[PDB]
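Okay, here we've got a single chain as structure tokens, the form deposited in one PDB entry, with questions on binding and movement later.
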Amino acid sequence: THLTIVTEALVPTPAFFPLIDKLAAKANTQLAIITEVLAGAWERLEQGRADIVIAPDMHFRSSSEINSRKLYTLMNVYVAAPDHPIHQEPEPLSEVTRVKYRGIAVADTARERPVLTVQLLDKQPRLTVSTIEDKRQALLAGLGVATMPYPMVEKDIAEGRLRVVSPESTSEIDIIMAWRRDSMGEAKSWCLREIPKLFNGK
């Protein structure tokens, strides 16, 4: 009756919207598309509270009978407001410089899945937010410097609301679909074959 899909914060939830009407005709399933951050997504899969997870490769979640499949590559870019002082700096990535300016991070579950944004060191000003929306607005308001998935800020860079601080730092991340094998129902199986079709060419 109920399927839960977990789309990690980096993954746009509305990309999964086409499924909804199809899923309602396919089964009497009430859908939940739930957002989690980093380790939270895999914690949900371990605790049997999430049927399918769409999340970056994050080192753990290792359980009994867990399968995966790669969907697409996502580009993360270090960004900041155009008139943020970091842009006038000669060596923005120098440890001496980075500590001066405030990092922006998104909260997650109590680890269990060893990864960091690798965007902020210690003894350095930090703002923590729960959602990518808060993070984008904080960046737009010139309140700090942080990574962002390129698609969500492509328009912002185009119209000069944000500016990439240094392209060398930009990194690529695999977005993967994972699930557990021990239970494999009609709706869950159907989605497992349908979700990759959403990102053919991504």
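We call the rigid core whatever largest set of C-alpha positions still superposes within 1.5 Å between the two forms. Residue indices: 1-based, along the sequence shown. Only residues modelled in both forms are compared.
Look at the mean CA B-factor for 91-99 and for 69-77 in the entry; the higher one is 91-99. In the PDB entry, the Cα temperature factor peaks, among 158, 177, 34, 148, at 158.
In this PDB entry, residue 49 carries a Cα temperature factor that places it within the highest third of its chain's modelled residues.
Among all modelled residues in this chain, the alpha-carbon of residue 134 has a temperature factor (C-alpha) in the middle third. Sort the modelled residues of the chain by CA B factor and residue 153 lands in the middle third. Annotation for residue 167: CA B-factor lies in the middle third of the chain's modelled residues. In the PDB entry, a CA B factor belonging to the middle third of its chain's modelled residues is recorded for residue 41.
The same protein also has a form deposited in another entry, omitted here; what follows describes it.
In the core-aligned comparison between this form and the one not shown, the C-alpha of 63 is the only one from 171, 63, 68, 166 that shifts by 2 Å or more. Relative to the superposed core, residue 115 undergoes a Cα shift of 2 Å or more between this form and the one not shown. In contrast to the form presented, in the other entry the C-alpha positions of residue 45 and residue 110 spread farther apart by 3 Å or more. Pairwise change in the other entry: residue 149 and residue 112 C-alpha atoms lie closer than in the shown form, at least 3 Å. Taking the core as fixed, the parts between this form and the one not shown where three or more residues in a row have CA shifts of 2 Å or more are 61-64, 109-119.
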